[PDB]
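Coordinate inspection notes
The chain contents come next:
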Amino acid sequence: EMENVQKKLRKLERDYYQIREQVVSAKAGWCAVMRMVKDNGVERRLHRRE
Amino acid sequence: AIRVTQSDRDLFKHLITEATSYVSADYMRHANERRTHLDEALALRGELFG
Amino acid sequence: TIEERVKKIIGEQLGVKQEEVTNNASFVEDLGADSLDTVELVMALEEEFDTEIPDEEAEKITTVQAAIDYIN
Amino acid sequence: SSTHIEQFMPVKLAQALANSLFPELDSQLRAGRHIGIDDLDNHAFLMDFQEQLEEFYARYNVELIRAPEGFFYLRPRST
């Protein structure tokens, strides 16, 4: 059973790697907007948590 | 005097409300996609470690 | 090199200047990276050098000097 | 139908140009005079037909402009 579960573990590992790469790529792009919205446009007017 | 100021306020208000509606929506869309993929990655990370 | 690949990752994951990121520059107070920003920073550090880090030992890292110390 | 003001001009614009205050105001505006709140007759007339006068003077390649403080004036274009 532990061997059988380790195969599930490895599937999860590959999935996790893919998701990791995608998340990092998103952050890299979003950084530019953050540097650009330092004009005090983000604090409440743009970031409407509602 | 009223007839002047009333008009000016109408124009200010309409522009501000529509512009914020137009921009904030997509800004939050992006933030939410990034949040979602990060959350999925963290759940996968924790489950893999355990 | 590792000691400058760390800067490559930190600057482009927090958006701060290369000059700002010194060895002792802490992420939260100097670089301003908050909870999720630091999470993404550690994920990027993992990806760059294709390694993995424990949860507690990773969260212990809260500075450029500490970042390199665990990296190198 | 034919021989009808609407064929050639909007009714409100013709109504404005037919007013007794128009010649004085046109002569002054072309001369560069600014119009404030104090001269009620002229200012109220400008407010009543603002869009018609702006569209009319546009034929000359000049903008009839309204500052936020409420005073009108003419700004010519390059052409």
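Everything here concerns the structure above.
As a starting point, this report considers the structure included with it.

Scoring rules and cut-offs
Each residue takes a number counted from 1 along its chain in the order the sequence is written, a numbering that need not match the entry; residues with no coordinates do not appear. By the order in which they are written, chains take letters starting at A while ligands take numbers starting at 1. This view covers only part of a larger assembly, and the values given relate to that part. Calculation of side-chain values draws on the structure's entire complement of heavy atoms; hydrogens and water are dropped beforehand. Residue contacts follow a heavy-atom distance rule, with two residues in contact if any of their heavy atoms lie within 4.5 Å. By definition, the buried area sums, over both parts, the 1.4 Å-probe accessible area that each loses when the two are put together. Whenever a nitrogen or oxygen atom comes within 3.5 Å of another N or O atom, the pair is scored as a polar contact, on the condition that within protein one atom can donate a hydrogen and the other can accept it, and that pairs from neighbouring residues in sequence are kept only if both atoms are in side chains. Helix numbers and strand numbers start at the N terminus; a helix is a DSSP run of H or I with at least 4 residues, a strand a run of E with at least 2. Three residue categories are used. Nonpolar comprises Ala, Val, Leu, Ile, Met, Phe, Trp, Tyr, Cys and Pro, charged comprises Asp, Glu, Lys and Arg, and polar comprises the others, including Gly. What counts as an axis is a line fitted to C-alpha atoms, over the stretch in contact for a helix, and the angles between N-to-C directions run from 0 to 180 degrees. Small angles under 35 degrees read as roughly parallel and large ones over 145 as roughly antiparallel, with 65 to 115 read as roughly perpendicular and the rest as oblique. Take the far helix as the reference: if the near one is turned anticlockwise from it by less than a right angle, the crossing is left-handed, and if turned clockwise, right-handed.

Describing the interface of chain A and chain B
Contacts between the two partners involve 14 residues from chain A, matched on the other side by 12 residues from chain B. Of the roughly 1500 Å² buried at the junction of chain A and chain B (both faces included), carbon and sulfur atoms supply 73%. Of all residues in chain A, A:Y16, A:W30 and A:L46 give up the largest surface area on contact with chain B, accounting jointly for 38% of the area buried on that side. Our count for the chain A to chain B interface comes out at 2 residue pairs in polar contact. Taken together, the elements giving at least two residues each to the side of chain A that touches chain B come down to helix 1 (2-36) and helix 2 (42-46) of chain A. With 9 residues, helix 1 of chain A is the single largest residue contributor to the side of chain A that touches chain B. Here the side of chain A that touches chain B is composed, by residue class, of 8 nonpolar, 2 polar and 4 charged.

A short note on the packing of helix 1 of chain A against helix 3 (residues 35-48) of chain C
With their axes 10 Å apart at the nearest point, helix 1 of chain A and helix 3 of chain C run at an angle of 120° to one another. Judged by the inter-axis angle, helix 1 of chain A sits oblique to helix 3 of chain C. Helix 1 of chain A and helix 3 of chain C meet at a crossing whose hand is left-handed. Residues A:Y16, A:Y17, A:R20, A:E21, A:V23, A:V24 and A:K27 of helix 1 of chain A pack against C:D37, C:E40, C:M43, C:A44, C:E46 and C:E47 of helix 3 of chain C. For the contact of helix 1 of chain A with helix 3 of chain C, the per-class residue count stands at 6 nonpolar, no polar and 7 charged.

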